[PDB]
C-alpha cells in the first residue's frame, strides 16, 4: 500500500521536513495528491532557484505542460483572470490565461524561455505588461488557506515554498512514463531515488500543517 511504500522516505513529518530542506537547497521534490483524487506525482521546483537544467528535466520527463503556481495576490498583480469563467474541469484546476515573457524570449517554448517567463511573472515587482498573453507557461491560482482549504498540487506547491521560507511561487509538472501513461507511486519513488528528490503527499502536508499550528 502507498503509505507502506513511502515508509522508506520516513514518517510523514520527516517526509515533509526533508522536502522543505531540499527546496531550501534549490533542489526539487515530488508531491503526490490523494489516491482517490488524481493519484499523480508532480515534480515541484521553487521559482527563485529555478534553472534551465531543472526546466529541461521537467520537459523531458513530465507532461511538458509546466504550470506556475502563484498566490492570488500575485495573479491579481499580473491581471491574470481565469482562463474560463465557468470552469467545468474535473478538479476545477485554476488555470489563468497562459503567458509568455514580453521581452527576453523568442518562441517561448525552450526550457530557457520558460524560465525567463516564469521568473518575469513571479517577480514581486512584476507588472501585467511584462507578460504577453497567450503563451507557453500556464499559471495556476492557489487557494487562500493552501492545502488546508484545497488538497491540490497547486496549493501544495505554494504551501511548500512558504513553509520553506521561500518566495511563494513554484512550478509543477506531472511525472509521465516513457510510454505516456502517468507515473504511479512505484515509478514516482523510483524516479525520486534516481534524481535525489524527496517524495511526500498532500496528506503529509495537511497533517504537518495541522500538527504545528502553521498558518501561512
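Numbering follows the first chain given and starts at 1. Under this definition, the rigid core comprises the largest set of C-alpha atoms superposing within 1.5 Å between the forms.
*Asks:* Line up the rigid core: which moves more in 6 other deposited structures of this protein, 170-178 or 38-46, by C-alpha RMS?
*Replies:* Stretch with the higher C-alpha RMS distance in 6 other deposited structures of this protein: 38-46.
*Asks:* In 6 other deposited structures of this protein, superposed by the rigid core, which stretch departs further from the shown form in CA positions, 28-36 or 51-59?
*Replies:* After superposing on the rigid core, the more displaced stretch in 6 other deposited structures of this protein is 28-36.
*Asks:* Can you check if residue 105 is missing its coordinates in at least one third of the other PDB entries compared, counting only those that model the residues either side of it?
*Replies:* No, residue 105 is modelled in every other compared entry.
*Asks:* Taking the other PDB entries of this protein that cover both neighbours, check whether residue 90 lacks coordinates in at least a third of them.
*Replies:* Residue status for residue 90: gap in at least one third of the other entries.
*Asks:* Out of 54-62 and 33-41, which one has CA B-factors that are higher on average in the deposited record?
*Replies:* Per the PDB entry, the higher value belongs to 33-41.
*Asks:* Per the record, averaged over C-alpha atoms, which has the higher B-factor: 204-212 or 17-25?
*Replies:* Here the higher of the two C-alpha B-factor means belongs to 204-212.
*Asks:* Name the residue from 166, 147, 171, 183 with the greatest C-alpha temperature factor listed in the entry.
*Replies:* Checking the PDB record, the top C-alpha B-factor among 166, 147, 171, 183 is at 166.
*Asks:* Just to confirm, going by the entry's C-alpha B-factors, which of 96, 107, 117, 88 comes out highest?
*Replies:* It is 88.
*Asks:* Which third, lowest, middle or highest, does the CA B-factor of residue 143 fall in along this chain?
*Replies:* It belongs to the highest third of the chain when residues are ordered by C-alpha B-factor.
*Asks:* How does residue 128 rank on Cα B-factor within its chain, lowest, middle or highest third?
*Replies:* Tercile = middle for this residue's CA B-factor.
*Asks:* Which third of the chain does residue 80 land in by C-alpha B-factor: lowest, middle or highest?
*Replies:* Highest third of the chain for residue 80's C-alpha B-factor.
*Asks:* How does residue 192 rank on Cα B-factor within its chain, lowest, middle or highest third?
*Replies:* It belongs to the middle third of the chain when residues are ordered by C-alpha B-factor.
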